[PDB]
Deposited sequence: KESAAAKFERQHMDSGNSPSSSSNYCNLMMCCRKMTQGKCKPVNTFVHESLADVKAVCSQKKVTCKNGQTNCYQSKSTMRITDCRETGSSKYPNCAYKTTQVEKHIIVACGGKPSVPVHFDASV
């Protein structure tokens, strides 16, 4: 069983083309069983992302208060399923932007365990 922190790294970290999401959603296993409809990859170092856990506290979309917002914008890519997408033939629109990220943090040490939003 993969931990929440490991799942966060696999689905969201790509510390670092229109086919980017199509390749990544597949390699990171977000197209098995169903096409994950929306996902965000963060291109900052794992250290910079883990640091968000000690940055600005904000409320989580689900109501929890263990969420934090990055102090700076970060380079991210949003992958969104296209209308033509249909499992097992998933298809994604890739959009790069620079925005702040909001993540839920948990564990000891407190590390990201869920990508909540970009803002």
| property | result |
| --- | --- |
| Ranges of the deposited sequence (numbered from 1) for which no C-alpha atom is modelled | 17 to 21 |
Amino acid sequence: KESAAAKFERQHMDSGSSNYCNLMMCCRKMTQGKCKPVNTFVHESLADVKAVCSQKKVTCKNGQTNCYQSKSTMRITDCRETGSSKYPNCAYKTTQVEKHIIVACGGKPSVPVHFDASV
From here on, numbers count along this sequence of modelled residues.
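We call the rigid core whatever largest set of C-alpha positions still superposes within 1.5 Å between the two forms.
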{"item": "Greater root mean square CA deviation, 2 to 10 compared with 110 to 118 in 5 other deposited structures of this protein, core aligned", "value": "2 to 10"}
{"item": "Larger mean CA deviation from the shown form in 5 other deposited structures of this protein [core fit; 81 to 89 vs 46 to 54]", "value": "81 to 89"}
{"item": "Given 49 to 57 and 34 to 42, the range whose Cα B-factors average higher in the PDB entry", "value": "49 to 57"}
{"item": "6 to 14 versus 102 to 110 - which carries the larger mean C-alpha B factor in the record", "value": "102 to 110"}
{"item": "Where the record places residue 96 (Cα B-factor, split into thirds across the chain)", "value": "highest"}
{"item": "Third of the chain's Cα B-factor distribution that residue 71 belongs to, per the entry", "value": "highest"}
{"item": "Record-listed C-alpha B factor of residue 80: chain third", "value": "lowest"}
{"item": "Modelled-residue ranking by C-alpha temperature factor, third containing residue 28", "value": "lowest"}
